[PDB]
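The figures that follow rest on heavy atoms only: side chains count, while hydrogens, waters and symmetry mates do not. FYI, the numbering just counts along the sequence from 1.
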Amino acid sequence: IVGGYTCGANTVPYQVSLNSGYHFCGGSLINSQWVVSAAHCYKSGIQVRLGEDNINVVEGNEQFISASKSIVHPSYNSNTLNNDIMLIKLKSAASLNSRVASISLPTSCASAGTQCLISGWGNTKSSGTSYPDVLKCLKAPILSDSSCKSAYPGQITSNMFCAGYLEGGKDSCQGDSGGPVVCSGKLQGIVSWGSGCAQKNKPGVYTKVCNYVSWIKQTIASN
Ligand SMILES: [Ca+2]
């Protein structure tokens, strides 16, 4: 997250870190056994880390649970990033508490202008590289579909939205991928892609979670 703020420990209780020996992507806890992330974060050998603040220090509220299964969306296209969403099942259920909590799925799509909270452990610089140990947060609005398409000609599908600031300076970034965009207490987006980070006229692009609720629910119900 570039241009954001330190969230505070366990203030974003649905935020997960995906770990394969190291943090590599975010995710969102949607029930005691399932995490939603980006398909471009897929790899084997995932350990889900819940209850994290500093990802390099054991602070006392963590739960580390290996994944049993991952399910990339059936129509994910890694070239275009269309349908950039995946589900990860935990080998054992998380113990839910004030610091480790699910986030609700949307029951309708959010609108441009709605303020959302974007979070992660990704790079905090737009030129250059610095990776935080503690969770970072950014409040940002959803942008109109027409501004999004204009910013990224030929690249924005109906399964994507833009959020952020056209002036630059405030955005998600590498290492935030897979993490949450939460608006009014609902998971509306997944950190997906952008041109660089925090660049003028190049807002963040996010997977549009509301399009996937039926697939998520049906997949969980049978897996
Ligand atoms: Ca920790």
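Rounding to the nearest 0.5 Å places CG of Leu143 at 11.0 Å from OG1 of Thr114. Note that CG of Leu81 and OG1 of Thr207 are 8.0 Å apart. Values are rounded to the nearest 0.5 Å. How far OG of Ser68 is from CG of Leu90: 7.0 Å, rounded to the nearest 0.5 Å. Of the inter-residue distances, the one linking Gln155 atom CD with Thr80 atom OG1 reads 10.0 Å to the nearest 0.5 angstrom. In this structure, CG on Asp133 lies 4.5 Å from CG on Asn56, to the nearest 0.5 angstrom. For the atom pair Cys173 SG and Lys125 NZ, the distance stands at 11.5 Å (nearest 0.5 Å).
Judged purely by distance below 3.5 Å, without hydrogens or angles, the side chains of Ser192 and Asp84 pair a donor atom with an acceptor atom. A donor-acceptor contact closer than 3.5 angstrom links the side chains of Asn159 and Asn82. Between the side chains of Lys69 and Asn223, at least one donor N or O sits under 3.5 Å from an acceptor N or O. Looking only at atom types and distance, the side chain of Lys136 has no donor-acceptor partner in the side chain of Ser119 under 3.5 Å away. A donor-acceptor pair shorter than 3.5 Å can be found between the side chains of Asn83 and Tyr212.
Atom NZ of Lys149 sits in a sparse spot, with 12 or fewer heavy atoms from other residues, nucleotides or ligands closer than 6.0 Å. The number of heavy atoms from other shown groups lying within 6.0 Å of NZ (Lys43) is above 12. Atom CZ of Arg49 has more than 12 neighbouring heavy atoms from other residues, nucleotides or ligands inside a 6.0 Å radius.
Residues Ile142 and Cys116 form a side-chain contact, since some pair of their non-hydrogen atoms from C-beta on lies under 4.5 Å apart. Using a 4.5 Å heavy-atom cutoff, the side chains of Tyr76 and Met86 are not in contact. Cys210 has its side chain within reach of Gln188: a pair of non-hydrogen atoms, C-beta onward, lies under 4.5 Å apart. Using a 4.5 Å cut-off on side-chain heavy atoms (C-beta onward), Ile85 and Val36 make contact. By the 4.5 Å heavy-atom criterion applied to side chains, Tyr152 and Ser195 are counted as neighbours. Taking 4.5 Å as the limit, some side-chain heavy atom of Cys197 sits within range of a side-chain heavy atom of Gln174. Proximity of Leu29 to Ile103: side-chain heavy atoms (C-beta onward) are nowhere separated by under 4.5 Å. Looking at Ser28 and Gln15, their side chains never come closer than 4.5 Å, going by heavy atoms from C-beta outward.
For the pair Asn10 (side chain) and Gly51 (backbone), a donor-acceptor distance under 3.5 Å is present. At least one donor-acceptor pair closer than 3.5 Å links the side chain of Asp176 to the backbone N or O of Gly122. Under a 3.5 Å cut-off, the side chain of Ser222 and the backbone N or O of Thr219 do not form any donor-acceptor pair.
Across every non-hydrogen atom of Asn54 and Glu59, the tightest pair is N-OE1, 2.9 Å. Scanning both residues, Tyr206 and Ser172, for their nearest heavy atoms gives OH-OG, 2.8 Å. The shortest heavy-atom contact between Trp215 and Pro74 is NE1-CD, 3.5 Å. Minimum heavy-atom separation, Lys208 to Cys109: CE-SG, 3.8 Å. In terms of heavy-atom proximity, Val57 sits nearest to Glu62 at O-OE2, 3.2 Å. Considering every non-hydrogen atom in both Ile190 and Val181, the closest pair reads N-CG2, 4.3 Å.
The ring-ring contact (aromatic ring centres under 6.0 Å, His included) contacts involving residues 34-68 comprise nothing, where partners must be two or more places apart or lie in separate chains.
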Give the C-alpha distance, both sets of side-chain angles, the deciding distance and a yes or no for side chain to side chain contact (heavy atoms under 4.5 Å, CB included) between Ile55 and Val134. CA-CA 7 Å; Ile55 53 164; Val134 298; over 6 Å; no

Would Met160 and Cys148 satisfy side chain to side chain contact (heavy atoms under 4.5 Å, CB included), going step by step from the backbone distance to the final call? CA-CA 9 Å; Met160 297 172 192; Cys148 189; 5.8 Å; no

Can you check side chain to side chain contact (heavy atoms under 4.5 Å, CB included) on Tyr131 and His23, steps first, answer last? CA-CA 11 Å; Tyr131 288 85; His23 168 83; over 6 Å; no

For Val100 and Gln63, run side chain to side chain contact (heavy atoms under 4.5 Å, CB included): C-alpha distance rounded to whole Å, both residues' side-chain angles, the deciding distance at 0.1 Å, then the answer. CA-CA 8 Å; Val100 175; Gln63 295 176 48; 3.8 Å; yes

Apply ring-ring contact (aromatic ring centres under 6.0 Å, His included) to residues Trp121 and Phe24 and explain how you reach the verdict. CA-CA 9 Å; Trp121 291 272; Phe24 66 90; over 10 Å; no

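If you chain together hydrophobic residues whose side chains sit under 4.5 Å apart, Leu87 and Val182 fall into the same group. Under the 4.5 Å side-chain heavy-atom criterion for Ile, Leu, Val, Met, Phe, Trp and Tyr, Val12 and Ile1 are members of distinct hydrophobic clusters. Connection of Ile30 to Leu117 is established within a shared hydrophobic cluster, with ILVMFWY side chains joined at heavy-atom distances below 4.5 Å, either directly or through further cluster members. By the criterion of side-chain heavy atoms lying less than 4.5 angstrom apart, applied directly or through intervening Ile, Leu, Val, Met, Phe, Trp or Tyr residues, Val209 is not grouped with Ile118; the two fall into different hydrophobic clusters. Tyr22 and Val48 fall within a single hydrophobic cluster, where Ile, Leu, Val, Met, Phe, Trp and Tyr side chains are chained together by heavy-atom contacts under 4.5 Å.
For the pair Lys170 and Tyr165, the cation-pi test (distance below 6.0 Å, angle within 45°) is passed.
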